[PDB]
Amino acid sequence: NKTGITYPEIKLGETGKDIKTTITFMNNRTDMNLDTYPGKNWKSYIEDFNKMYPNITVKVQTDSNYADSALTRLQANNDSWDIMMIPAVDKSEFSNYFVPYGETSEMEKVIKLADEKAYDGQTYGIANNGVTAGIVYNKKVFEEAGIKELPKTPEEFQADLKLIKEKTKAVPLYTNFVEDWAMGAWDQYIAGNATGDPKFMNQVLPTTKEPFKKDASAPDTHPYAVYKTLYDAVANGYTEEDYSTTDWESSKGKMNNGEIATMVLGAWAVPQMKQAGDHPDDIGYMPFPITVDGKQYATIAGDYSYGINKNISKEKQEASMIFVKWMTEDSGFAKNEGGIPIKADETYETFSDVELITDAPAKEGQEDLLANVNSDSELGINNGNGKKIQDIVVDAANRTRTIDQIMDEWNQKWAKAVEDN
């Protein structure tokens, strides 16, 4: 764990000014690890970081398959890395792997989302950026299609997709099927966004046996409504022609240039689309098309969080925590990359009527319930089991199963796991 120098105590520019080492920072931003990156690349951020700390050297390592490779590395339990973006590992294991930045109580004072990546009152991960759950869209394609107001319900959304399919040349909704994480992203919409309830994720979901079934009183809400949105898009012919060959890098330029109308991704994705071509002002961001009793909701959550390897020397832990502190407070990464800065001190107009909510903690003694039901059901809700979402695309496309049948398969597995825990 930490060496007696806590994240709130770091005097930026003062502390650790005497250290001379190299630290290794693993992250998912392969694009930023190139000199071609359209915006501010890693070299630049570290160029600026060294203006203030010339003798802390930072080796940036990036992997396209980040979730699996970071987890494998994490499980190897060595000192081959100093910082990584934290992969899909249960919070109860953070103590095994990561250095605590400090008591959550105190991190709250200095950072947003202090209890997102935390256990037993200590905060082990700091979000690199706060991201809102919405949809990236091409405004020009929408006009071309004669869409006037943005869709707020699943039926409105499919009607708009159909307009795009019939009156434009753009793929209405591009799944990015081959990217496991892009499919896993649909789970970022099923709790706050689909229910308006900040307690859904950590309380209602893991105490509900069959949460994926159609909500009978409000059938256009709740997780079913999200997953059906994907199913219907694929099955009605509103997605790419060949899901098996989607290409994520290509799709940026394609949406910039009007060849794609929508992609269901978090707000981090907007500037990446904007810089992919000459048509940045054509990219917008809209709320996900669910309305709950007259209001729309969008969950704010962390993008990848920084984690510090607990196996490294006291000296390397410190320089790591300093580079985090700097990235957080002085780099300006989070804006530049299209989200909410995490240092604790007005977004798209399309969201001005959206209630922004964040998941609340479980009740006392139930903090580990979701992770345990998730593990036993093997559904991996909001982990990066993109696999079950890939399953939706495949079966909607080959028409072998209805969404009701898919959701019932998940419920049976979830319901066993709920009773078991």
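All residue numbers refer to positions in the sequence shown, first residue = 1.
Q: Per the entry, how many residues of the deposited chain go unmodelled between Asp281 and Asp282: none, 1 to 3, 4 to 9, or 10 or more?
A: In the record, the chain runs straight from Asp281 to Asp282 with none unmodelled.
Q: For the stretches 88-96 and 235-243, which has the higher mean C-alpha B-factor as given in the deposited record?
A: Of 235-243 and 88-96, the stretch with the higher C-alpha B-factor average is 88-96.
Q: According to the deposited model, is the average Cα temperature factor higher in 378-386 or in 51-59?
A: Going by the record's values, the stretch with the higher mean is 51-59.
Q: Taking the Cα B-factors listed in the entry, which of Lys165, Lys228, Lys314, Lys152 comes out highest?
A: Reading the PDB entry, the winner on C-alpha B-factor is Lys314.
Q: When you compare the CA B-factors of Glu156, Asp303, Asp330, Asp187 as listed in the entry, which one comes out on top?
A: The record points to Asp330.
Q: Among the modelled residues of its chain, does the C-alpha B-factor of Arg29 lie in the lowest, middle or highest third?
A: As the PDB entry reports it, the C-alpha B-factor of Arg29 lands in the middle third of its chain.
Q: Among the modelled residues of this chain, does the Cα B factor of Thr402 put it in the lowest, middle or highest third?
A: Lowest third.
Q: Classify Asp368 as lowest, middle or highest third according to the C-alpha B-factor given in the PDB entry, relative to its own chain.
A: Ranked within chain, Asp368 CA B lands in the middle tercile.
Q: Give the position of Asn176 by CA B-factor within its chain, expressed as the lowest, middle or highest third.
A: It belongs to the middle third of the chain when residues are ordered by C-alpha B-factor.
Q: Relative to the other modelled residues in the chain, which third contains the C-alpha temperature factor of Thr36: lowest, middle or highest?
A: Highest third, going by the recorded CA B-factors of the chain.
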